[PDB]
Every structure is written in structure tokens, then in C-alpha cells.
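Quick notes on the structure that follows.
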Amino acid sequence: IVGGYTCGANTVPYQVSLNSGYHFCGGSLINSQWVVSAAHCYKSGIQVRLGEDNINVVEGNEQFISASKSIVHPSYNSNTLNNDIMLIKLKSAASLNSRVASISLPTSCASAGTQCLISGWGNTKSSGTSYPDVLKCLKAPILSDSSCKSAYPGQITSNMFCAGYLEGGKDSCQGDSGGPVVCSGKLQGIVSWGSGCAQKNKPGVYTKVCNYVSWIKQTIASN
Ligand SMILES: N=C(N)c1ccc(/C=N/c2ccc(Br)cc2)cc1
Ligand SMILES: [Ca+2]
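If you read the sequence shown in this note's numbering, its first letter stands for residue 177, the second for the next number, and so on.
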């Protein structure tokens, strides 16, 4: 997260860190046994880390639970990043509490102008590299489909939306991949892509979760 703020320990209780020896992606806890992330976060050997603030220090509220299975969206295209969504099942159910909590799926798609919260442990610099140990947060509006398409001609599908600031300086970044965009207490987006980070006229692009609610629910019901 570039140009954001320190969230505060366990203030984003649905935020998870995916760890394969090291943090490599965020995700969102959607019930006691399932996490939503980006398809481009797929790899084997995933441990889900819940209740994290400082990902380098055991602070006392963590739950570390290995994934039993990952399900990448059947229509995920790694070239275009269309359908950039995946589900990860925990080997055992997380213990839910004030600091480890699921986030609701949307009942309807959020509109341009809606203020959302984007969070992650990704790079905090737009040029160069600095990775924070603690969770970073950014409040950002959903942008119009037209401004999104204008920023990224030929690249925005019906399964993507832009959020952030055309002026630049505030954005998600590498390492935030797979993490949440939450608007009015609903998971509306997943950190997916962008040209660099926090660049003028290159806002963040997010997987449009509201298009996947049926797939998510049906997949969970049978797996
Ligand atoms: N500016 C942004 N909001 C932004 C930029 C880049 C990313 C990560 N992008 C990747 C996508 C696919 C792979 Br594989 C590796 C990295 C995420 C967000
Ligand atoms: Ca920790």
C-alpha cells in the first residue's frame, strides 16, 4: 500500500496473509474455513495466517492453518487477468473472534463513488522497494467504468473495476495482491493489477467480487 496509513493491530479482522515460507499475497476470510484471494496468487504449499499485524513477529492473536485445497476460477486467464479470483480452504476451521472474523459477500455490486477500504502488507513505495511489517490501509473511492477504461484502454473487462486516485500517490501495490477491497462492510474487490503503483492516471484494478457470488457460494457448498 502506497500513501496509506498504519491500520492498527487486528482492526481488519478478515485480512489474511498467505505464507509459503514468506508472505506472498493477501486474502479475505469469508467464513471459518474459506479464504478468497486472487487467482494470480495460486501456488502449492500455502499456509493461511489469520489475526496478523506484524507478519514478522508472533504477537499473540495469530492462527496459522495450512490450506487443504485451492480452487482457481475455471475461467481465469493469466494473460488478461480476467476472472482473477481463487478460493482457498483451510485444513481446519479458524476460531472466530473480534480479531479474526469473516467478511460478508456483497448482495449487489458497489457503485462508482463508493468509499472503500483497501489493505495489505505490500510495497509502500511507488519507486523503489520498502515492505512494511505491519498491516497498511488505504481509503479509496471506486472509479467510473468510463474513467477506468480510459486509463487502461483495451484491458478492463466486465469483471474488473478501478479504485483509487487518478492524481496518483495513493494505491495498492505488489504484495497487496489477493487482498480485500471492502465497501460498506462488504467484500467488493480483490487486489489484482495496475501499471506500477500510485502512478498518475494508472489507478488500481480490482476483481469485481459481486460477479462471483454464485460461484463462491456453490463452490463452498460442494467442497
Ligand atoms: N497498482 C496497483 N494497484 C497494483 C499493481 C500491481 C499489483 C500486482 N500485480 C501482479 C499481478 C500478477 C502477478 Br503474476 C504479479 C503481480 C497489484 C496492484
Ligand atoms: Ca504476527
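We put the CB at the ideal spot given by N, CA and C, even for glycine.
Determine the closest residue to residue i out of the options, with distance taken between C-alpha atoms.
i           : options            : result
residue 304 : 377, 350, 252      : 350
residue 373 : 386, 388, 346, 390 : 346
residue 377 : 326, 201, 244, 290 : 326
residue 318 : 352, 358, 309, 280 : 358
residue 200 : 182, 215, 288      : 215
Leaving out five residues on either side along the sequence, give the residues of the same chain with a beta carbon under 7 Å from the beta carbon of residue i.
i           : result
residue 227 : 186, 237, 238, 239, 275, 276
residue 248 : 215, 218, 262
residue 232 : 309
So what does residue i bridge to, in DSSP terms?
i           : result
residue 300 : DSSP output for residue 300 lists no bridge partner at all.
residue 314 : 294
residue 356 : 366
residue 210 : 207, 265
Taking the beta carbon of residue i as the centre, do at least 16 other beta carbons fall within 10 Å, making it buried, or is it exposed?
i           : result
residue 197 : exposed
residue 353 : buried
residue 221 : exposed
residue 250 : exposed
residue 300 : buried
Note down, in chain order, each residue of its chain lying with its Cβ closer than 8 Å to the Cβ of residue i, except the 5 sequence neighbours on either side.
i           : result
residue 245 : 264, 265, 399
residue 334 : 384, 387
residue 284 : 386
residue 278 : 190, 205, 206, 207, 208, 272
residue 403 : No statement about residue 403 is possible, as the shown extent of the chain runs from 177 to 399 and does not include it.
residue 290 : 317, 318, 359, 360, 364
Would the C-beta of residue i count as close to ligand 1, meaning under 7 Å from any of its heavy atoms?
i           : result
residue 180 : no
residue 213 : no
residue 287 : no
residue 373 : yes
For ligand 2, any of its heavy atoms closer than 7 Å to the Cβ of residue i?
i           : result
residue 352 : no
residue 207 : no
residue 188 : no
For residue i, which residues of its own chain have a beta-carbon under 6 Å away from its beta-carbon, when the five flanking residues on both sides are left out?
i           : result
residue 364 : 282, 286, 357, 385
Got a sec: does ligand 4 put a non-hydrogen atom nearer than 7 Å to the Cβ of residue i?
i           : result
residue 345 : Judged by which ligands are present, ligand 4 is missing from the structure shown, whose ligands are ligand 1 and ligand 2.
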